[PDB]
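Below: the structure, in structure tokens.
Please treat every number below as a calculation from the coordinates, not as lab data. Heads up, the Cβs are rebuilt from the backbone with ideal geometry, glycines too, and the neighbour counts pull from every protein chain shown.
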Amino acid sequence: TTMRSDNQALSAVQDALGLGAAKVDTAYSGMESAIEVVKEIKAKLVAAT
Amino acid sequence: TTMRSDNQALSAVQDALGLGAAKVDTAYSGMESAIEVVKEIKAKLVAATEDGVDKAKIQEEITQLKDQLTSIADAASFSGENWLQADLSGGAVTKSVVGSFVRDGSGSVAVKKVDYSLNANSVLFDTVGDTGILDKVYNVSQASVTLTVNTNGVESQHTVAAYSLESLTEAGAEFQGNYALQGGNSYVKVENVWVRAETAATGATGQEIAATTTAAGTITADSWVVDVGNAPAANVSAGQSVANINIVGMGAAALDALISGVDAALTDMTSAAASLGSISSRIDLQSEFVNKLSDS
Amino acid sequence: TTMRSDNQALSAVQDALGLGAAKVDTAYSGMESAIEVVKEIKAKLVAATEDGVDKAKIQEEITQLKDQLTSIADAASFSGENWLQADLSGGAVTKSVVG
Amino acid sequence: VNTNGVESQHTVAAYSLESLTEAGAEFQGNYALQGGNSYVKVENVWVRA
Amino acid sequence: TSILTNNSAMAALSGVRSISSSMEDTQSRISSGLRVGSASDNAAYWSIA
Amino acid sequence: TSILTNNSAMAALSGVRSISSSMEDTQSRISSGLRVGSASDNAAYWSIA
Amino acid sequence: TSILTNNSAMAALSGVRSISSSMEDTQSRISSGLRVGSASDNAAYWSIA
Amino acid sequence: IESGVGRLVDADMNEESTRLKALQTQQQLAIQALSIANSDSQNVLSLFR
Amino acid sequence: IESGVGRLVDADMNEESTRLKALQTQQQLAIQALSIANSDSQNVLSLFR
Amino acid sequence: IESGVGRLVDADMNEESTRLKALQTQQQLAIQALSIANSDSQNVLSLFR
Amino acid sequence: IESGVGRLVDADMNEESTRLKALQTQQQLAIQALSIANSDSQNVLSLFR
């Protein structure tokens, strides 16, 4: 019975892990977009020097 | 036993909804054909604007297209309820589709229906009155709006000038609800456009009351009625209707008026087609929901 | 004898529980339909927030969807006790299922 | 809006023109005087002044 | 087991009908392009088009 | 699912008919030139030509 | 294997879209010269030109 | 204007192809599940020999 | 967002298939045991005859 | 004259193919139902034995 | 610099193709073995009947 309760807890942890992975993926995509935009800004400014 | 009776009623409603969906599909196909023909007519008229192009050949072109439009209007029927070419003698013909069977909480039973209006913008060649979306003249002026108002219990369409809200608020007007007072002139917000209105008891025809006011500092307390008069600055009407197009030596101004009227008719017909598509979508959703309810 | 009477009462409670479960299932199906329709309404409106889109078409679509919501609300009734479109003049009404 | 010679960014709630005109609001140019409160138009929206 | 009703069967039928409707829609989409249907999709964009 | 009717097939048939008509028109157009090739085209331009 | 989502399919779609955009850009470049686009490239050099 | 209409109306074919494959597979699974549900019913006969 | 919804909502159908087979086997065992339990009560008739 | 004869006589083979597939499916259904109707008459034998 | 980036970043596609084929074969084997492992649990039914 205790092991079954632990298994249920690990299933809940798996769901939480999936949610966190989705959050991290979204944040990383946003970070990549921001990095690309800032690289473009730097290129434009060094052109404008 | 009661639930089985309700399930049988729901099955009957589902069959009626299928029939209505078939009718809507047929009517909408006719509407699409009318859209295509009207677009072709407008393109031909635009090409006719050139003075060097002979107008007779285009004349039989539009004659053939008008006959095609009449064939579209009369042929597009499913079971006698074609949803087009309705009789506008009363001007308020309404057709309905059995939507759902509803049993009220207080031991009552009723049948719900979805209504569709064919008043003046989705009728497609009114049979008797000849006042339909086609075979009627459209007013063409820059700063006016065509408003429908009921007088003595019968509705009518009147063309009156329209005034922008920005000009009203720039001139220093005092507003109240849907009523405005710029000074010696008064305005009422019957629709999205503001229009000059008469105080009261001027027409003496029992016209619909546009708005009611109160003291509000310097506002007269009266029941205001939209001014049936107050013609626009340049009152220009289409020379001929869509079903009576005749371009033999009309002239430039008549051609422009005809083009504007054709475009207005096309816009109204497109709005009617969009409404028909929305009705079809609602029928589909209602059928799916009725199926779910019957399963439950 | 007392336990037999209690068993009969429990059988009646089981029948009532089945009836209540059917009522709740019907209400929940109608509730999902209403949620989907409202989501469609919100999508249409956020599409229409642009000024380049004629608002009459959106207005008529929203009118149709509101009629659909009204029909769903008044039709999702199992046995009169529909758990929807109640009377809130009193302030609060509580529906009970025999547990 | 620049309080002084230097510009700055400010956030202020916006009020729809219909809400003002419904409650009997006097207007003059870009001014609204619905009640005790006074509203003005900055570019396209009416805000409290 | 109830011999007169099969609620799992009704659920399967509902799923099949939903998949069939979506499939018919996507066949129309793949056979005639038109991301926006004849008029049964969002009417405003169809009218603009 | 009905084995007596196929709405998707009917829509595909109408689409195929439209493509066939347009392709035949363009095939005549490419074979013979003459954007206004017959009276079935713009009659006024045909008469002027 | 999830039957309702295919993350590899979305990644492939994103790659295809990027390649298509780059191909259209380079096609314009190879068809009308103009290393600097109409104005969608670096604005300053286009203005000077 | 024609490009604008195309942007507003056209659909990318790859995504529709992915949807078509997914819906075909979902239909196959739904039909198999419905067959299993139908075959579930007649197992009760073993009690009545 | 769609990928996150998929990972949070979709199910890896392989273990559902395994569970379906396991429940079919369990139901078959249960029906057999129920038939045996129904039949075994007839043994008492031997004494009274 | 030959074009008119072809228009009056020839058949748009696509809908004939659709009808051929539909009739194949209908025949399969009819054969299955006919076999079921043949088989169902043997149920009466249980009573007399 | 571009050559160095390509050398550090690009992948020799031939071995990726080989891995793709190998993983397809491994997935086929895994699916077959999983089907066998799902099916083999039904053997117990013989004893009880």
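Taking a threshold of 18 Å on the Cα-Cα distance, which of the pairs B:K113/C:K66; B:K113/C:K55; B:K23/C:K57; B:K42/B:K136; B:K66/B:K95 fall above it? Let's see the in-between values first.
On the way: B:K113/C:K66 14 Å; B:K113/C:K55 26 Å; B:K23/C:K57 22 Å; B:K42/B:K136 16 Å; B:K66/B:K95 26 Å.
The answer is B:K113/C:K55; B:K23/C:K57; B:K66/B:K95.
Determine by what factor the alpha-carbon radius of gyration of chain J differs from 2.2 N^0.38 Å, reporting the quotient.
Numbers: Rg = 22.3 Å, N = 49, 2.2 N^0.38 = 9.7 Å.
After normalising by residue count via 2.2 N^0.38 Å, the value is 2.31.
Would you calculate the volume per residue, in Å³, of the smallest convex hull containing every Cα atom of chain A?
Values: hull volume 2.0 nm³, N = 49.
Here the figure is 40 Å³ per residue.
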key: Where labels lie 7 Å past Cα in the beta-carbon direction, separation of C:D54 and F:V36 in nm   = 3.2 nm
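Arranged by the count of other C-beta atoms within 10 angstrom, fewest first, what order do I:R19, I:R49 take? Mind showing how you got there, number by number?
Details: I:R19 10, I:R49 4.
Exposure proxy ranking, most exposed first: I:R49, I:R19.
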task = Between B:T212 and A:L45, with labels modelled 7 Å along Cα→Cβ, what's the label distance in nm to one decimal, could you check?
result = 6.6 nm
request  = May I ask which residue of I:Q24, I:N14, I:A37 lies farthest towards the positive end of the charge dipole of chain I, with charges of +1 (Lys, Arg) and -1 (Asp, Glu) on Cβ and the Cα centre as origin?
outcome  = I:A37
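Can you tell me the mean projection area, over all orientations, of the convex hull of the stretch B:143-220's alpha carbons? Units nm², please. Display every interim value, and only then the final one.
Details: hull surface 21.6 nm².
Its Cα hull, projected and averaged over all orientations, spans 5.4 nm².
Nearest 20 debye, what's the magnitude of the dipole of the protein assembly as shown about its Cα centre given +1 on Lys and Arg Cβ and -1 on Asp and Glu Cβ? If you can, show how the numbers build up before the last one.
On the way: 58 positive and 94 negative charges, 508 e Å.
Its charge dipole is roughly 2440 debye.
Could you tell me the ratio Rg/Rh of the protein assembly as shown? Both radii from Cα atoms, Rh via Kirkwood.
Numbers: Rg = 35.6 Å, Rh = 35.2 Å.
My calculation puts Rg/Rh at 1.01.
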message = How tilted is helix C:2-48 with respect to the longest principal axis of chain C? Cα atoms for both, answer in degrees (0 to 90, nearest 10).
response = 0 degrees
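If you take every residue apart from B:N82 with its C-beta less than 14 Å away from the C-beta of B:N82, what net charge results, scoring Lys and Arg +1 and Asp and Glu -1? List each step's numbers first, then the result.
Values: positive: B:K23, B:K95; negative: B:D25, B:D74, B:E81, B:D87, B:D126.
Charge balance near B:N82 sits at -3.
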request  = For a footprinting-style exposure proxy, rank J:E15, K:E16 by other Cβ within 10 Å, fewest first.
outcome  = K:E16, J:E15
Label distances, nm, G:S14 versus same residue in remaining copies, Cβ-directed 7 Å point = 3.5, 3.9
task = Set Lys and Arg Cβ to +1 and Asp and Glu Cβ to -1, take the dipole of the protein assembly as shown about its Cα centre, and tell me which of B:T146, J:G4, B:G172 lies farthest positive.
result = J:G4
request  = Would you list which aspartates and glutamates come within 20 Å of D:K41, measuring only between C-alpha atoms, while excluding same-chain residues fewer than 8 positions from it?
outcome  = B:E166, B:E170, B:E174, C:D51, D:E7, D:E18, D:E22, D:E26
query = How far, in degrees from 0 to 90, does helix C:55-75 lean away from the longest principal axis of the Cα atoms of chain C, to the nearest 10?
reply = 10 degrees
key: Kirkwood Rh in Å, taken over chain E so that all alpha-carbon pairs contribute   = 13.3 Å
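For a quick check: sort J:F48, B:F175, C:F78 by the number of other beta carbons within 10 angstrom, fewest at the front. Can you show the working numbers first?
Details: J:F48 5, B:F175 28, C:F78 21.
Placing the least packed residue first, the sequence is J:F48, C:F78, B:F175.
Determine by what factor the alpha-carbon radius of gyration of chain B differs from 2.2 N^0.38 Å, reporting the quotient. The partial results should precede the final answer.
Details: Rg = 24.0 Å, N = 296, 2.2 N^0.38 = 19.1 Å.
That ratio works out to 1.26.
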inquiry  = Cα atoms only: what Rg and Dmax, in Å, come out for the stretch B:1-91?
reply    = 21.1, 79
remark   = So for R0 = 25 Å, FRET eff. of I:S39-K:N43 from the Cβ-Cβ r, to 0.05, ends up at 0.55
ask   = Expressed as a whole number of Å, what is the distance separating the alpha-carbon centroids of the stretch B:197-226 and the stretch F:2-47?
value = 60 Å
ask   = Any idea what angle helix F:7-32 forms with the longest principal axis of chain F, computed on alpha-carbon atoms, 0 to 90 degrees, nearest 10?
value = 20 degrees
task = Among DSSP beta bridges whose residues both lie in the protein assembly as shown, state the antiparallel percentage, nearest 5.
result = 100 percent
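Find the relative contact order for the stretch B:159-269 and round it to a whole percent, using C-alpha pairs within less than 8 Å whose residues are 6+ positions apart.
Working: 142 pairs, mean separation 23.1, N = 111.
Averaging sequence separation for qualifying contacts and normalising by length gives 21 percent for the stretch B:159-269.
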remark   = Copies of I:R49 compared via label points 7 Å along Cα→Cβ give distances in nm, shortest first, of 1.3, 2.2, 2.9
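For the stretch B:166-285, rounded, prolate or oblate, judged on the Cα gyration tensor with a ≥ b ≥ c (square roots of eigenvalues), a/c < 1.5 rounded, else prolate if a/b > b/c?
On the way: a/c = 2.51, a/b = 1.53, b/c = 1.64.
Verdict is oblate for the stretch B:166-285.
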Peptide F:37-47, shielding by other chains (average Cβ, 10 Å cutoff) = 3
ask   = Over what distance in Å are the Cα centres of the stretch D:5-49 and the stretch C:79-99 separated?
value = 45 Å
query = Any idea what the dipole of the stretch B:147-296 comes to, in debye rounded to 20, about its Cα centre with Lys/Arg Cβ at +1 and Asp/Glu Cβ at -1?
reply = 100 debye
